[PDB]
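Worksheet: one structure, shown below.
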Amino acid sequence: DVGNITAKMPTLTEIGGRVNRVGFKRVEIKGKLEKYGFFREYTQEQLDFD
Amino acid sequence: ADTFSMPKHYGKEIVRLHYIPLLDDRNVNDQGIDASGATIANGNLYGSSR
């Protein structure tokens, strides 16, 4: 918005002083891990007689 | 008797063939032609009667 930006501009005067301070920040990003698996069974007769 | 061995991939059952020689009472068929034509019932020569 033009009006808001114009109203919140960091104007400076002749005297100076502590008039326009700023600050910064940082954030975190996370991950994950997991395990999967599966199995099967059979008998010897199935292998030998098929 | 002498033991006989089976192969692997052929199941759990066995089979064999018997050939039933000609002049036997078990040789029942419909291929009997008499000495003067005139097709008949028994396909074997006088069966096994003695």
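Kindly indicate whether any position in segment B:2-15 is within 14 Å of another protein chain (Cβ to nearest Cβ), out of contact with any strand residue (DSSP E or B) (no Cβ under 8 Å at 6 or more places or on another chain) and basic (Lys, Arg).
Here is the first cut: in segment B:2-15, the ones within 14 Å of another protein chain (Cβ to nearest Cβ) are B:5-14.
Filter once more, keeping what is out of contact with any strand residue (DSSP E or B) (no Cβ under 8 Å at 6 or more places or on another chain): B:5-14.
The next check asks that each one be basic (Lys, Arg); those that pass are B:8, B:12.
Yes, segment B:2-15 has at least one match.
Kindly evaluate B:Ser48 against the criterion of being in contact with a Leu (Cβ under 9 Å, 6 or more places away or on another chain) and more than 14 Å from chain A (Cβ to nearest Cβ).
Values: in contact with a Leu (Cβ under 9 Å, 6 or more places away or on another chain): yes; more than 14 Å from chain A (Cβ to nearest Cβ): yes.
Here the answer is yes, as B:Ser48 does meet what is asked.
Among the residues of chain B, write down those that are surrounded by fewer than 10 Cβ atoms within 10 Å (Cβ to Cβ) and outside any loop (DSSP other than H, G, I, E, B).
Within chain B, B:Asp34, B:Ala35, B:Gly37, B:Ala38 meet the criteria.
Looking at (1) assigned to a helix (DSSP H, G or I); (2) loosely packed, with under 10 Cβ neighbours inside 10 Å, which is the only condition A:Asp48 fails?
(2)
Against the condition away from chain A (no Cβ under 14 Å), over 30 Å from A:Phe49 (Cβ atoms) and among the charged types (D, E, K, R), how does B:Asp34 come out, does it pass? Working first, answer last.
Numbers: away from chain A (no Cβ under 14 Å): yes; over 30 Å from A:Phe49 (Cβ atoms): yes; among the charged types (D, E, K, R): yes.
Spelling it out, B:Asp34 is indeed away from chain A (no Cβ under 14 Å), over 30 Å from A:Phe49 (Cβ atoms) and among the charged types (D, E, K, R).
When both residues are 6+ apart or on different chains and their Cβ atoms are under 7 Å apart, which pairs have a first residue that lies in segment B:25-50 and is charged (D, E, K, R), and a second that is surrounded by 10 or more Cβ atoms within 10 Å (Cβ to Cβ) and assigned to a loop (DSSP other than H, G, I, E, B)?
What qualifies is B:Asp25/B:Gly47; B:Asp25/B:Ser48; B:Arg26/B:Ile20; B:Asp30/B:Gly43.
Here, each number is a calculation from the coordinates, and none is a lab measurement. Every residue, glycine as well, gets a Cβ built from its backbone with ideal geometry; the counts of neighbours run over all protein chains shown.
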